[PDB]
Amino acid sequence: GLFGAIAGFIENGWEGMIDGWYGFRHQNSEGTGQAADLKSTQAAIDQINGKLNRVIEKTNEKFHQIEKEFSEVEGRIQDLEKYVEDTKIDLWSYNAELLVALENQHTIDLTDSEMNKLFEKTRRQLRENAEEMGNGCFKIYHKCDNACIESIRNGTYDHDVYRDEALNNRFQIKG
Amino acid sequence: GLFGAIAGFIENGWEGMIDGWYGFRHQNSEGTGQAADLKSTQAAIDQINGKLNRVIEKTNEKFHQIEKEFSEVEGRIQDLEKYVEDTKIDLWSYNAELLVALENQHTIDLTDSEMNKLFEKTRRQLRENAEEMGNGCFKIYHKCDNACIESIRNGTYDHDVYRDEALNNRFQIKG
Amino acid sequence: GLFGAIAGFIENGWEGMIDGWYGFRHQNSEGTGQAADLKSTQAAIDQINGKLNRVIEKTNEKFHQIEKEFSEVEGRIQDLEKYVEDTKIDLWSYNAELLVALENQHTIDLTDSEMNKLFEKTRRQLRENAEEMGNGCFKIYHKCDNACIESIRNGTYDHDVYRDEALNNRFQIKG
Amino acid sequence: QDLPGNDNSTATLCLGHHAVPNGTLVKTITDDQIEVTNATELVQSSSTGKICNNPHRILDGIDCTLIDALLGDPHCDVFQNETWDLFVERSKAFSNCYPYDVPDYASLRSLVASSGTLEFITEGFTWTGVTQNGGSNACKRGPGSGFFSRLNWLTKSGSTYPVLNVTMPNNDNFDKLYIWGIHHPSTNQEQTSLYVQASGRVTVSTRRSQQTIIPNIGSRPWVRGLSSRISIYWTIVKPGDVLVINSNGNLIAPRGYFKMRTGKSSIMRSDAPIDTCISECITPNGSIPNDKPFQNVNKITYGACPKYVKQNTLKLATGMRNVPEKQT
Amino acid sequence: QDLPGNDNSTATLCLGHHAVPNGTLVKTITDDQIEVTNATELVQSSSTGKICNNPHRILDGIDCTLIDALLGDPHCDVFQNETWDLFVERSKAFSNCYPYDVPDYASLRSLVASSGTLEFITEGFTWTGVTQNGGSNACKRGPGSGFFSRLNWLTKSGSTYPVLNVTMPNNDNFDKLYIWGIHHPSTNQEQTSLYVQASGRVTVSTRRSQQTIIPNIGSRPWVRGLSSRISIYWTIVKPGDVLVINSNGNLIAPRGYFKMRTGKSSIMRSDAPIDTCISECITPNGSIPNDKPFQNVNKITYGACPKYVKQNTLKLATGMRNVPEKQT
Amino acid sequence: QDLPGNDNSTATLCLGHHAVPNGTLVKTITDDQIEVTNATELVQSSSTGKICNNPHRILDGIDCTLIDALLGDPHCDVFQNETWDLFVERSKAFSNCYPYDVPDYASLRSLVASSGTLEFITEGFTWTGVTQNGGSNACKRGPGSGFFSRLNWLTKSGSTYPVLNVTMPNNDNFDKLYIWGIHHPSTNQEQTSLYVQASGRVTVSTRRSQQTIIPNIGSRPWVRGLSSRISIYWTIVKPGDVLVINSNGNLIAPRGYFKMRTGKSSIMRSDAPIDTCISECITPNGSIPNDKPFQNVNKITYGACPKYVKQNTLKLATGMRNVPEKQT
Ligand SMILES: *[C@@H]1O[C@H](CO)[C@@H](O[C@@H]2O[C@H](CO)[C@@H](O[C@@H]3O[C@H](CO)[C@@H](O)[C@H](O)[C@@H]3O)[C@H](O)[C@H]2NC(C)=O)[C@H](O)[C@H]1NC(C)=O
Ligand SMILES: *[C@@H]1O[C@H](CO)[C@@H](O[C@@H]2O[C@H](CO)[C@@H](O[C@@H]3O[C@H](CO)[C@@H](O)[C@H](O)[C@@H]3O)[C@H](O)[C@H]2NC(C)=O)[C@H](O)[C@H]1NC(C)=O
Ligand SMILES: *[C@@H]1O[C@H](CO)[C@@H](O[C@@H]2O[C@H](CO)[C@@H](O[C@@H]3O[C@H](CO)[C@@H](O)[C@H](O)[C@@H]3O)[C@H](O)[C@H]2NC(C)=O)[C@H](O)[C@H]1NC(C)=O
Ligand SMILES: *[C@@H]1O[C@H](CO)[C@@H](O)[C@H](O)[C@H]1NC(C)=O
Ligand SMILES: *[C@@H]1O[C@H](CO)[C@@H](O)[C@H](O)[C@H]1NC(C)=O
Ligand SMILES: *[C@@H]1O[C@H](CO)[C@@H](O)[C@H](O)[C@H]1NC(C)=O
Ligand SMILES: *[C@@H]1O[C@H](CO)[C@@H](O)[C@H](O)[C@H]1NC(C)=O
Ligand SMILES: *[C@@H]1O[C@H](CO)[C@@H](O)[C@H](O)[C@H]1NC(C)=O
Ligand SMILES: *[C@@H]1O[C@H](CO)[C@@H](O)[C@H](O)[C@H]1NC(C)=O
Ligand SMILES: *[C@@H]1O[C@H](CO)[C@@H](O)[C@H](O)[C@H]1NC(C)=O
Ligand SMILES: *[C@@H]1O[C@H](CO)[C@@H](O)[C@H](O)[C@H]1NC(C)=O
Ligand SMILES: *[C@@H]1O[C@H](CO)[C@@H](O)[C@H](O)[C@H]1NC(C)=O
Ligand SMILES: *[C@@H]1O[C@H](CO)[C@@H](O)[C@H](O)[C@H]1NC(C)=O
Ligand SMILES: *[C@@H]1O[C@H](CO)[C@@H](O)[C@H](O)[C@H]1NC(C)=O
Ligand SMILES: *[C@@H]1O[C@H](CO)[C@@H](O)[C@H](O)[C@H]1NC(C)=O
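Protein chains in written order, with full-length UniProt numbering: chain L, 346 to 520; chain V, 346 to 520; chain B, 346 to 520; chain X, 17 to 344; chain G, 17 to 344; chain W, 17 to 344.
Structure, rendered in structure tokens:
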């Protein structure tokens, strides 16, 4: 969508992730593992619900209106009675059709955004110790065990702790 | 909003900033200070005004129309006269309600954008001499006095001047 | 637009680029060149066509309706016949005017996006071997001949190959 | 820090989003089939087929149309003084009394249908010099001949039909609806037999209005053994006004007034069954739930209903785009 | 290159945006209360309570309705040849002359109200053999009996009412509106006293149309001492056409024509005071400013007015989201 | 890894987008003139000026209006049993037979115009005791006097006009439209010369309805040598019902029925030339292409047409923003 994460730099989705809408898979010292991110999952879900409720808000009521079916042929007045209703229906139909198209388009960029926002947030947190591989995976240039992965995920990762190890592994090598 | 700066990576607003909508706060070896950015302030304001003017553009005029209040009971024709007006009012009401909702939603992402655009712009200018602390603050890794802060703000900062000092302070240290 | 690339960090367009909507100009050891990018050019064009087709989709047909021109003065019924049509026309006119304004606004951010998406994509591919000059040009810090420029363009550039040369040229120098 | 930080390994962290094997196609500004994770339908397209008799007061008309229930066709006597939020009128309804026609039938049906009450008050009209309570064999009431319960057919007394000139003041604080009529005889002979004058006349007026109708003599098609017709007219008399009925023959006089109220009542043609359940939205196809914003069941509705639309399906995506990881 | 000399230090630069202590809640696609820095109201919900007499030509009807000003009820003689952009009609207005009724009152009020002029031209109709200028005590003009200034009541001369057959050609290049009427007597005796024939008739026609009305005799409710009524009719005669009036009795003849124009004129029922100020938008509640796009004051409007909406407030956010330091 | 690449240099890669020298201004949410690379127009604002005779069946009325083609004015005899998807009615059309008027002309023109056929079936009505086929010099048919091809003017036979009482059952499975009328004489003498009774009467009825009209005697303006008029009325008789025509004089009787269908047919007033070409959308200004979604040619349309809008141009940007590099 507008941000280019979903169906963009993040090649495809994980049918395996049954516990949330956005999340982390990882491969480290102690093996591999997956974990939904619940804050962006809730952020995407709340906006979609808010949107949904506003569309479902109050069917207004109408009681005695005009006749909309006729059994005799009458001419002028019945012609106007049919024309009023036919133009009311075409106007409300254009309205429903434009509404779900703007709505759906927005829902698709809104979730694209939440994805990219989680990506950028993780990026900012890893500071100088990781590099973007460009497919939505960061290469972390220091030993990062499962508690380390869990601190990135729960937003408490301290980059400073690993900066000297990371910078060394990342740059120096032989060039 | 879609960009995640306002009410996102930038934790909260400054009630103290009374001179513009977006701006800078800094702490350097000479003191601390604040300064509104007037270009992004004008960019956000102009779009909102443009938007506003288009909504306020020309009330069209109507003179002799149909009767909208009756004192006797008449049946068929007066039933149609009420149904035409009631469906006109519900259609124009749906229109005003959808209009301000799309409009407001856009105004919120539009200003979110202007914020993030100022952030990215500053980022690009500091080149290799600063790091993002992830809360909308850059750590500048070289001595930057008040004229130096002012050059970043007025867009004339030359990164090259400070590159060797910055790269040293930033990387080398001990890892 | 929302992303700040077009008429933003990319100062202006190239009237010279007659073979696509987005693209690359370069300068390398082998000389200088220009080349349209056809994937983002197709992405921007397809969305705009999709949008266009939906707007042009099916004129619905109407046969016998009400009279819309009168030669005698009749009062009550003819007053209603004029009021129904006048309110139908103002409602469909508001609809056409809001439609092209939302549409156009979106078309402008949609193409702004495609630009910025090509920019970010290129950025991610060059990894540690280039720096953003902030005007939409990357400085590539290693010798990159025409086939090298071609691999960046056709998305097969391997950063690892040039990483040691790049990191050296980029950092070390004298600070 | 610690000491010579030698253990130089790396980790990989990858961000991603879910995908489902199924997925639903929705329309967009730029595409008309894009697949998303999940969607919800906004067009109610199905009725239960039954009119729920709750919360509105539904009055099943059975084989009476509202106008016959109003006039008082014998077979509709069940409906006297009845009230309704919605009068359902059935296609099977029939008339079975003196042949009549109502000049602006549609307005009278309208006006009564939204008054919502058939509450009838009898007034003491005094017709001097004519014979009251005429009846007919086309309007059998029980064994006997009869006529509409609410109208009073006056014919000559002995050898004269005088000029009737009566008045009835509206002294209450509400409007009064008076239904009355005129008799169109088949032959001049029938005219003079019943009303003596060879040309009758009815003038009904208030301070605010007047209607004078003259009968029309001639043969119409045989209907229930008769070629004559009566035509129904109505007069609303506001508080403080006064009815004056003046006739020379052919009057079908009122027996009092219906009271008029203001409410949410209306009438609907439907052969759907009424049933016990609560539903707010009524359609001639039966009630429909009003949880969705739009509906495609029927453009005729009573109560809190979704807005009728031409489309039969409109799906609102309620999830991100589906980009599956294989599809199993 | 640049030679630092001695300083080794860093600086911190932080970007941010303003916030206000107050803030306004607005509705969104995804939220219905989100707080922003500032908003502006789009629904005009209040009237001044006065009809500004500028720029449109407001004609206060005082206690005349437009139809009585048209016919020429004595108490409305002030309105002769008057013109208006908006005729304000007051609830206090009353009629005070011969009891009349206008069959399609609403169309005649409409048609005159948007013509916008009561300019009346007298034509030299010659009625031979009847008595002109009949008047009544229900229409007192000054001390005497009178009648509508613009209509001419003809009764018999001596012992005859001939067959009137007159003509008046439209030779000008504009349409002519002729108002005329018929007299419905209370009793056959009144009929023959005034018009001799026991049944009158009025036929008014052009090359393009014809109307024949026959009087209706009978008693109506006493209004200003009378039980008779006159009913008003209208005939527009296009350029080059010709009026032929033909009657046998009961004619209330025209004295000439009103001219018809085409304009922005209309009529409005309002008891609001007229005042001096300029306002483009008029509502029966008084004028309203038309700076906002929508309004919720009244669905009846004349002039450049905001579109009426059901909502009483709609705020357009004109600032970013309010995320304060402290609280709200 | 790679050995000493002696020269270590850099490259510059710059991303950009096209720009065009020309560019088009479009409206936006935030701006009303922003320049883009390219745009497409959504308002069709021009007609060819010709009504394409394909795919709809256009019937050019030449100098007959549909109602005269219906009644059968001699000069319109060409239109007998004709059919149309669109009947174009020309401003030049004229009537040229006995002066008539149709009380609800607009409904009769409507009802026939969408039936779409003038297919006329003659029925064997038997009028006993009157003289059929009356004609007039205002309705010349060829050398002779004549009358509407589809109506039958009955006058007295010898010294009597009996009471006509005839019937015609609808036994087919479609509705029948019967056009009939009444003759309004100029003078009582004309009345008695033609119809003997000094007051005629026509009553036409089915089981479901009835209309009684009485003639109106008096002089109207001279039209084609006559001061009399006939007024046209219509009666639709449903399957299984029955027409009963009953008269005492002044009847202009039907000669059979028009059949009514249900279709997409209509009528349009236009002096545009018909031409050969296929166009789906017809406007009284000529056909217009329906490729754009909106149109500003005319609010009157027949067929698949763009929605009429007040705007004469609306451009949908179909390209990015134009930010050129040179000057202007
Ligand atoms: C004027 O003409 C109409 C139509 O020609 C005459 O109507 C018909 O009158 C007869 C005799 O009253 C009706 O006959 C009855 O029919 C029923 C069913 O067949 C039967 O039960 C009776 O024993 C009798 O046969 C006939 O139905 C009726 N038809 C219609 C369509 O109205 C009318 O009588 C004529 N009137 C005069 C005064 O000449
Ligand atoms: C036909 O019946 C009506 C209603 O019964 C009669 O109307 C009433 O007629 C009387 C006598 O003209 C009216 O009386 C007058 O009332 C005024 C007001 O108090 C007073 O000034 C007079 O002294 C006299 O009492 C009465 O108002 C009137 N009422 C109504 C509602 O119209 C009518 O007279 C009868 N006509 C015939 C020819 O029998
Ligand atoms: C009732 O009054 C009307 C209007 O005053 C009379 O109508 C006029 O009648 C005369 C004689 O029939 C018509 O004259 C004709 O004029 C044409 C030329 O236009 C001429 O060629 C004929 O030979 C004939 O002279 C005149 O046109 C007609 N005018 C109008 C507007 O209708 C009518 O005759 C009077 N009727 C009675 C019974 O008194
Ligand atoms: C984050 O994860 C680490 C490892 O489990 C734990 O020690 C720390 O307390 C967690 N903090 C929060 C807020 O979850
Ligand atoms: C930017 O700021 C520095 C420090 O005040 C000043 O010397 C320089 O000229 C400024 N340039 C502009 C364009 O303001
Ligand atoms: C990319 O460009 C290089 C240089 O022309 C070429 O060898 C390589 O095969 C290209 N790959 C693709 C997919 O175009
Ligand atoms: C699809 O969306 C609707 C409305 O948000 C929700 O009730 C439903 O549970 C969703 N389906 C799934 C599988 O989440
Ligand atoms: C109808 O209601 C009125 C008012 O309560 C009552 O007097 C009258 O007798 C009722 N008649 C019937 C048949 O219920
Ligand atoms: C509802 O009723 C109408 C008329 O009977 C019918 O055409 C329509 O198809 C029905 N729709 C549904 C959902 O029953
Ligand atoms: C709020 O917005 C309106 C319209 O843009 C503006 O006139 C007003 O001054 C704004 N309020 C403040 C405090 O800026
Ligand atoms: C009305 O206007 C006409 C045309 O100027 C004039 O002849 C006539 O006398 C005027 N009458 C009055 C009462 O103003
Ligand atoms: C305007 O007038 C109408 C009718 O008098 C009243 O119901 C409405 O509340 C009034 N509104 C205002 C803002 O005065
Ligand atoms: C402008 O847009 C229209 C519709 O997309 C297209 O047919 C036309 O070729 C475009 N013009 C150019 C120069 O590309
Ligand atoms: C009109 O059509 C009917 C039915 O085919 C036919 O009997 C009749 O003779 C036709 N008349 C003319 C003039 O075409
Ligand atoms: C179409 O016809 C109408 C009425 O003749 C005219 O006012 C209008 O300007 C015409 N428009 C075009 C595009 O011909």
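The beta carbon of each residue, even a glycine, is placed where N, CA and C say it ideally should be.
Among the residues facing chain L, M284(W) is not included, as its CB has no counterpart in that chain under 9 Å away. Short of 6 Å from the beta carbon of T81(X), and not among the five residues preceding or following it, lie these beta carbons of its own chain, in chain order: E105 and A109. For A492(V), the distance from the CB to the nearest heavy atom of ligand 5 is below 8 Å. Secondary structure note for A380(B): its beta strand (DSSP E) is the uninterrupted segment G376 to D382. The continuous beta strand (DSSP E) containing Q372(V) extends over residues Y367 to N373. Between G150(W) and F163(W) the beta-carbon gap is near 7 Å, inside 8 Å, which marks them as a contact. Residue pairing by DSSP puts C30(W) in a beta bridge opposite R370(B) and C482(B). Taking each of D101(W), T46(W), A55(W) and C92(W) in turn and checking the Cα distance to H72(W), the smallest one comes out for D101(W). The shortest C-alpha to C-alpha distance from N54(X) to any of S62(X), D47(X) and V42(X) is the one to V42(X). In the DSSP assignment, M284(W) falls within the unbroken beta strand (DSSP E) covering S282 to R285. A distance below 9 Å separates the beta carbons of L447(L) and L447(B). Annotation for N54(X) indicates a beta carbon at 8 Å or more from all heavy atoms of ligand 5. Leaving aside the five residues that flank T344(G) on each side, the residues in its chain whose CB is nearer than 8 Å to its CB run, in chain order, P37, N38, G39, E51 and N338. Looking from the CA of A35(X), the closest CA among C482(L), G365(L), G368(L) and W359(L) belongs to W359(L). In the three-state reduction of the DSSP assignment, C68(W) falls in the strand class, which pools E and B.
Set against 8 Å, the gap from the CB of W196(G) to the closest heavy atom of ligand 3 is not smaller.
The C-beta separation of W169(X) from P270(X) comes to about 12 Å, leaving the pair out of contact by the 8 Å criterion. According to the DSSP secondary-structure assignment, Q311(X) is paired through a beta bridge with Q60(X) and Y324(X).
For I252(X), at least one C-beta of chain V is nearer than 9 Å to its own C-beta.
Between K462(V) and chain W, the shortest Cβ-Cβ separation is not below 9 Å.
Under the three-state reduction of DSSP output, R245(W) falls in the strand class. Taking a contact to require three or more Cβ pairs closer than 8 Å, the stretch 391–398 of chain B and the stretch 319–330 of chain W do not qualify as touching. Measuring C-alpha to C-alpha distances from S209(W) to each of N266(W), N262(W), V218(W) and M184(W) identifies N266(W) as the nearest. Chain-order list of chain L residues neighbouring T46(G): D391, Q392, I393, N394, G395, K396, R399, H451 and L455, by C-beta distance under 9 Å. Neighbours of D120(G) in chain B, taken as residues whose beta carbon is under 9 Å from its own, are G420 and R421 in chain order.
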